[PDB]
């Protein structure tokens, strides 16, 4: 007979001891552990609410890969990818480049808690996390690999994060901040709580739904399988937050949350927002990016924060507001500067699309619509050259994204500048600037692409030079997703 799990589980994580041959601070250096003056004994109250053990893990997970790899092989020959809507193909190419290697990096992040956390339960859960992101990294490489002979853009699933292309820098900027360069407790707050539980869990759910609506079952299955792994390590930051609040640290805990939610939101506004509201064909659109954010992301944070003894971040109302705006900007930026990315951006501004956009966001046409009026007239009138850029845009020094906002009849584009130690920084929002101000030694000598351009680091020092600098050539440089088909609606 076998024991019930309940009966022996605690012994798996009864693994703390009082070092003798070396010191506690030597075995658990503060810069890696982040124990924060709170004692081993107090970290031992850490109690993960979803428990699992080695034999359960390897068993359940062999079952997941079996199914997912089996779905893949069964559908491989039908090559759905050759007849998918190109807004969808693009969606996949962006997902794989931005995510594959960051997922794999997340295993080191988990390895950070596995060695360095003073909570034994945290250390074991992180080991499974480590295993998990090894899975997400590997599979999210195996999948797009099916497609290398179709286009060089698929090579970017591997190559992206190895490049100085702007989106990639933005990506590393976020992840390195969140998970690669913080102490253990901080990783558990900023990554597993704020990002994974806060965003990527509901996002992956929605993305599988979308994939299925697009008739792409290989990818729907891929995403949907990854997602079932999430909560098992996503759970990790909650118990940390409790310990920090129950002891002397509501403020330290608070401040990390404020930082991780804002930084996540920003990445999410360039990577997911545009997709929902512009690449997804009109008639597949279940709900708007603002709606999605309100139903599935925002009320959930409020719940969690209330339940942990924390407050809404200072910027919350501003966040609320920016749901009407940020991502429209991010989309216009990406489409306008499309040769600078590795997928084809979908314009998504046909007449029908535009009345959808106006239902979901009243004011759209008399703000965002204007820039698009000009773009459109230009393509109708045979001036396509005025729809691609001759300069760089100003990049935020925190999120490494263009500084944009509301154009047209309610113009409101602001720059949240800061002079610090003889240098001028640029910020896309009050929050991005505040992230820097609370911890300037963390960001101080970093340089964004514009900085680099201006410093002579990009040579030749013109647009073709920045293309080379970003590893982009014809073949991968993005163009209009639907090859300008939607222009015919206007002649």
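Residue numbers count along the first chain shown, from 1.
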Quick note on 109-117 and 350-358: per-entry mean CA temperature factor is higher in 350-358
Residue stretch of maximal mean CA temperature factor, 473-481 vs 14-22:
473-481
Could you say which of 170, 305, 341, 260 has its CA atom at the highest B factor, as listed in the PDB entry?
305
Note to self: of 129, 313, 97, 137, the C-alpha temperature factor tops out at 313
Compared with the other modelled residues in the chain, in which third is the CA B-factor of residue 277?
middle
In terms of its chain's C-alpha B-factors, the third that includes residue 414 is the highest
Against its chain's modelled residues, does residue 309's Cα B factor rank lowest, middle or highest third?
highest
Sorting the chain's modelled residues by C-alpha B-factor, tell me whether residue 133 ends up in the lowest, middle or highest third.
lowest
For residue 241, return the chain-relative third of its C-alpha B-factor as stated in the PDB record: lowest, middle or highest.
lowest
